[PDB]
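Novice: One structure, as structure tokens, below. Some questions next.
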Amino acid sequence: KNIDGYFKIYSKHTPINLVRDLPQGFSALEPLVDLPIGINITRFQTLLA
Amino acid sequence: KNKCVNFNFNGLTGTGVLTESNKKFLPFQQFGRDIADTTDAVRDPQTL
């Protein structure tokens with residue numbers, strides 16, 4: 001999320017027991033890092049190994 | 001601590017009695033609020 005130029009990022013890592021490729025329940029994502037970048041973004045792409 | 005004094009915590013102004021906190025705080029937390037959106041606990045800008 002780009003919050004007024006601050007590209008704030010959230011994250012969370014938990015264990016699971018996969019059933020249908022996306023387990024359900026509830027969680028809460030904590031903030032990872034504040035990045036006062038101030039650059040406009042409109043698209044993205046993943047970097048797969 | 002334990003004295004009625006003013007505050008300026010990197011702009012977080014106020015006046016009250018400073019005491020030891022018994023609450024937790026996230027690694028990025030700056031300050032906590034009460035039920036009325038008023039500042040209750042603050043992180044020192046130089047100390048953890």
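Letters A, B, ... go to the chains of the structure tokens in the order shown; residues in each chain start at 1; ligands are counted from 1 in the same order.
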So which residues touch range 5-17 of chain B within 10 Å, counting only C-alpha atoms, skipping near sequence neighbours fewer than 5 positions away, as a PyMOL selection string?

Specialist: chain B and resi 30-31+39-40+42-46

Novice: I'd like the contact shell of residue 3 in chain A - 12 Å cut-off, only C-alpha atoms, skipping same-chain residues fewer than 5 positions apart - returned as a PyMOL selection string.

Specialist: chain A and resi 8-9+34-41

Novice: Each residue of chain A with at least one atom at most 10 Å from chain B should appear once, together with its nearest atom pair and the corresponding distance in Å (one decimal); atoms considered: only C-alpha atoms; ordering: chain, then increasing residue number; output as JSON lines.

Specialist:
{"residue": "A:30", "atom": "CA", "partner": "B:26", "partner_atom": "CA", "distance": 8.9}
{"residue": "A:31", "atom": "CA", "partner": "B:28", "partner_atom": "CA", "distance": 7.8}
{"residue": "A:32", "atom": "CA", "partner": "B:28", "partner_atom": "CA", "distance": 8.8}
{"residue": "A:33", "atom": "CA", "partner": "B:28", "partner_atom": "CA", "distance": 8.5}
{"residue": "A:34", "atom": "CA", "partner": "B:28", "partner_atom": "CA", "distance": 9.2}

Novice: Let's have the selection written as a PDB file, in the first residue's frame, with N, CA and C atoms.

Specialist:
ATOM      1  N   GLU A  30       0.854  -7.713  10.696  1.00  0.00           N
ATOM      2  CA  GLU A  30       1.631  -6.692  11.372  1.00  0.00           C
ATOM      3  C   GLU A  30       2.433  -5.875  10.362  1.00  0.00           C
ATOM      4  N   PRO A  31       2.804  -4.633  10.682  1.00  0.00           N
ATOM      5  CA  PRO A  31       3.579  -3.841   9.722  1.00  0.00           C
ATOM      6  C   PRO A  31       5.028  -4.294   9.672  1.00  0.00           C
ATOM      7  N   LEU A  32       5.543  -4.428   8.450  1.00  0.00           N
ATOM      8  CA  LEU A  32       6.892  -4.929   8.215  1.00  0.00           C
ATOM      9  C   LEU A  32       7.917  -3.801   8.174  1.00  0.00           C
ATOM     10  N   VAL A  33       7.651  -2.762   7.388  1.00  0.00           N
ATOM     11  CA  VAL A  33       8.610  -1.678   7.206  1.00  0.00           C
ATOM     12  C   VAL A  33       7.887  -0.478   6.615  1.00  0.00           C
ATOM     13  N   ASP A  34       8.311   0.711   7.032  1.00  0.00           N
ATOM     14  CA  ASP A  34       7.862   1.965   6.445  1.00  0.00           C
ATOM     15  C   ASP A  34       8.893   2.394   5.411  1.00  0.00           C
TER      16      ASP A  34
END

Novice: Excluding residue 18 in chain B and residues on its chain fewer than 6 positions from it, collect all residues at most 9 Å away from it, counting only C-alpha atoms, and give them as a ChimeraX atom specification.

Specialist: /B:1-5

Novice: Any chance you could export the current selection's C-alpha atoms as a compact mmCIF listing (two decimals), in the first residue's frame?

Specialist:
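What ended up in out14.txt:
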# COMPACT_ATOMS: atom_id res chain seq x y z
CA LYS B 1 9.04 10.34 36.54
CA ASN B 2 6.30 10.58 39.18
CA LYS B 3 6.14 14.37 38.67
CA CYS B 4 3.54 16.62 37.09
CA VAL B 5 5.52 17.88 34.09

Novice: Provide the CA of residue 2 in chain A to CA of residue 43 in chain A distance in Å, to one decimal place.

Specialist: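 Going from CA of residue 2 in chain A over to CA of residue 43 in chain A covers 12.2 Å.
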
Novice: Using CA of residue 41 in chain B and CA of residue 21 in chain B as the two end points, give the distance in Å to one decimal.

Specialist: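 Calculated distance between CA of residue 41 in chain B and CA of residue 21 in chain B is 7.0 Å.
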
Novice: From a DSSP pass on the backbone, collect the residues of chain B flagged as strand (DSSP E) and hand them back as a count of residues only.

Specialist: 19

Novice: Grab the CA of residue 12 in chain A to CA of residue 27 in chain A distance for me, in Å with one decimal place.

Specialist: 8.3 Å
